[PDB]
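Only one chain comes next, encoded as structure tokens, the form deposited in one PDB entry.
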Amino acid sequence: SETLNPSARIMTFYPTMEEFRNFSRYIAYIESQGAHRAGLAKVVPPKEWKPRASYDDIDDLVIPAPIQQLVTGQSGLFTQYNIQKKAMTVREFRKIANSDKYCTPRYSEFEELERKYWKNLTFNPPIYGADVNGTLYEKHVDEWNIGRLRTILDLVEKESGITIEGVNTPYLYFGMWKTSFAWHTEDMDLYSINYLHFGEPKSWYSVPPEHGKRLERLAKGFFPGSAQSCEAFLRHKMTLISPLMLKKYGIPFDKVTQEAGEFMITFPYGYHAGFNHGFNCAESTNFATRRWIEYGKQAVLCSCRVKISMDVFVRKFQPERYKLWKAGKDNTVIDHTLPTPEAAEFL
């Protein structure tokens, strides 16, 4: 009923080359349609548009810190541990990925492969070429350029003088079958953008920002030690929870598969997790809109080891509230249903 409530189901958008050219505006637009309530959206770019000519010239690209993903647990609850393996090229990676030991099993419909992920994620540890600093977009590309999105996030670099790897800059992820991203929201509960350049697909789970507290209480319950140690432990990106557990404890969630050539957008306080289907390459970064600012102020951060100074945002966009805020007396309540103020124009 809220479980099925499609005001909170993941939407897909098919913009035109005119609609597409302006990134910030199009984000405002999909929010005017409620996209943000699912916590994740898909945007299919126009058929003409291409970030690069071909992906045949990247065999030599270096993945400095490949991670091997060791998973332990049972009954739909798992903890993922990373081992940094040594540096290796895209070609060595592809070979390992497309090899007979680590390749995608046989499947008819997406749901058979999902069963095989949840049955086999603790066996046969895959290698993810994650968090590689780089961009695969050719220099000429002006539409949806992950390297330069022109949002209000740019303030961190412009005013504050600060570079934050993978947040203000783009990252690449070379996947193989059964490589995983655990349940998280973004750093400082930012938006994210993810573009699947080539290869096999990426499946996603999303929990609506209006039920994220539910997922937090659930994780806390199942990992009481972890939660005593850090009050944002999900941010460690180590915790995997299956769809069956979510259903069982009444956490609303949706799923979607991202195919090569498609963007995914995650929204503030949008919890997501997922897995790669086989060999692929995605590019991601974070970004912001005016709505983000309050989520930024309220974001509960890891208290046991990324932090963005919000002053620069409050002074500029909430000058009237700055003193009160610095005092500790601002207590706006976030309403996760509300579009960003930039979307007034779409009525």
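Only residues modelled in both forms are compared. We call the rigid core the largest set of C-alpha positions that still match within 1.5 Å between the two forms. From 1 onward, residues are counted along the sequence shown.
Asker: Pick one of none, 1 to 3, 4 to 9 or 10 or more for the number of deposited-sequence residues not modelled between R305 and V306.
Answerer: Gap size class: 1 to 3 residues without coordinates, per the record.
Asker: Averaged over C-alpha atoms, is the B-factor higher for 102-110 or for 156-164 in this PDB entry?
Answerer: Stretch with the higher mean C-alpha B-factor: 102-110.
Asker: Where do the C-alpha atoms have the higher mean temperature factor in this entry, in 215-223 or in 273-281?
Answerer: Stretch with the greater average CA B-factor: 215-223.
Asker: Just grab whichever of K42, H36, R291, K316 has the top CA B-factor as deposited.
Answerer: If I rank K42, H36, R291, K316 by C-alpha B-factor, first place goes to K316.
Asker: Of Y322, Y295, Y26, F287, which one's C-alpha B factor is largest in the deposited record?
Answerer: Comparing C-alpha B-factors across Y322, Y295, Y26, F287, the maximum falls on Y322.
Asker: Considering only modelled residues of the same chain, in which third does the CA B-factor of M245 rank: lowest, middle or highest?
Answerer: Middle third by C-alpha B-factor.
Asker: Where does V300 sit by CA temperature factor within its chain: lowest, middle or highest third?
Answerer: It belongs to the lowest third of the chain when residues are ordered by C-alpha B-factor.
Asker: Which third of the chain does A130 land in by C-alpha B-factor: lowest, middle or highest?
Answerer: It belongs to the middle third of the chain when residues are ordered by C-alpha B-factor.
Asker: Going by what the PDB entry lists, where does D254 fall on CA B-factor within its chain: lowest, middle or highest third?
Answerer: Lowest third.
Asker: Hey, what third does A260 fall into on Cα B-factor, ranked over its chain?
Answerer: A260: CA B-factor falls in the lowest third of its chain.
Absent from the display: the form solved in complex with a partner chain. The rest refers to it.
Asker: Would its partner chain be touched by all three of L153, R291 and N331 in the bound PDB entry, meaning a heavy atom each within 4.5 Å?
Answerer: No, none of the three is in contact.
Asker: Only one of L113, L149, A130, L218 comes within 4.5 Å of its partner chain in the bound PDB entry by heavy atoms, so just point that one out.
Answerer: So the residue touching its partner chain in the bound PDB entry, by this definition, is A130.
Asker: Identify which of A299, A35, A28, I67 has a heavy atom within 4.5 Å of its partner chain in the bound PDB entry; exactly one of them does.
Answerer: Selected residue: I67.
Asker: Classify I83 as contacting or not contacting its partner chain in the bound PDB entry by the rule of any non-hydrogen atom within 4.5 angstroms, answering yes or no.
Answerer: Within the cut-off, so yes.
Asker: With a cut-off of 4.5 Å between heavy atoms, is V306 one of the residues that contacts its partner chain in the bound PDB entry?
Answerer: Heavy-atom contact with its partner chain at 4.5 Å: present for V306.
Asker: Even though its partner chain is not shown here, does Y171 get within 4.5 Å of it in the bound PDB entry, heavy atoms only?
Answerer: Judged by the heavy-atom cut-off of 4.5 Å, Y171 is in contact with its partner chain in the bound PDB entry.
Asker: Does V256 make contact with its partner chain in the bound PDB entry, using a 4.5 Å heavy atom cut-off?
Answerer: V256: no contact with its partner chain in the bound PDB entry.
Asker: Partner absent here, but in the bound PDB entry, which of 195-203, 105-113, 130-138, 208-216 has residues with a heavy atom within 4.5 Å of its partner chain?
Answerer: Correct option: 130-138.
Asker: Listed by sequence position, which runs of three or more consecutive residues have C-alpha shifts of 2 Å or more between the shown form and the other one, the rigid core held fixed?
Answerer: This is the sole shifted run between the shown form and the other one: 3-7.
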